[PDB]
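Form deposited in one PDB entry, single chain, as structure tokens, below.
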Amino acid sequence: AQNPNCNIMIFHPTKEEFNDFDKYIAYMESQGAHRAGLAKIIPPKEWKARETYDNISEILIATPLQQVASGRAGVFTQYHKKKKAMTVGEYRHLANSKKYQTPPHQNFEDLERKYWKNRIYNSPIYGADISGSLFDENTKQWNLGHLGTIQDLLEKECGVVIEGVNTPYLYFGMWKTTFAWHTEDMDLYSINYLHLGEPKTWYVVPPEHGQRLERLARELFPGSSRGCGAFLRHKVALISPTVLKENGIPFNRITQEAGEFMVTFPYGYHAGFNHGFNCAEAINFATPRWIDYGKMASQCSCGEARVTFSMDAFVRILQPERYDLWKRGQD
């Protein structure tokens, strides 16, 4: 078995290997990458996502989210308070202000220490989940707005034609902005490209060990667990690496820099934070190997998780027994 310790693998495809996206995902899996839950892909030196980032400041962040924490430093939840709209240029200035800017630090490890020590005492503002793309239309390789759609994959594998579309999302981050422990909707893959700015640190649990994380989460968030049998679908809970180590939960960590891709694999729990002002783009995708994960994915039916239009068909076709309860949660 390849990669039996479930380490995060880093890949350096050549320009020729960068042509066929599906084939390269399948290559990475042949080497065991999926066992970690997360892989890094460094594009060939010949590649670029677009010519410059000099003209992005007029993009609108219609609903910036202030991420307010409750709990203790290593075990907390966050809620998202909606703020007034602002442009990317306005947001960048805010991120660079004395109130929100990254503190002086020695290296990534020192900054990680400061994050876990101090995150709860601040409420950074995240421009998340903004439909759109920063890839040039002429970029033909690993262009996250030109991938094969998950609807087409389901149709190719299973023969059923379904409604729905699949488009990318932009994320504008600042110091301490946080993504809570989650897997993707319907335990899909994700791909994330860091277009510009400061790094993003990731933490990930191997898919084969995801239920260990879930069991710890039910212990650590006992009221939430009683409210919903899939409350990590709410995307609000954080658990530090120190706490994970104290409870014997297998995980790995890595820092993504500008110009790098990350791929999350089906049922790979992940969480993380941004180091400073940055912009990422991400999208869900599927492969043939996903179908069995989609069929077994947990679902939130309590009403909190509320998701896209396009998840309806996935639940309806892959999980018909769960469909009626899940849809009641949607309504």
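Only residues modelled in both forms are compared. The term rigid core refers to the maximal set of C-alpha atoms that superpose within 1.5 Å between the two forms. One rule holds for the numbers: they count along the sequence shown, beginning at 1.
Just so it is clear, the following notes concern the form solved in complex with a small molecule, a form of the same protein that is not shown.
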Would you check, heavy atoms only and a 4.5 Å threshold, whether residue 300 touches the small molecule in the bound PDB entry?
yes
At 4.5 Å between heavy atoms, is residue 41 in contact with the small molecule in the bound PDB entry?
no
Just list the residue ranges, at least 3 long, where Cα displacement is 2 Å or more throughout between this form and the one not shown after aligning on the core.
324 to 328
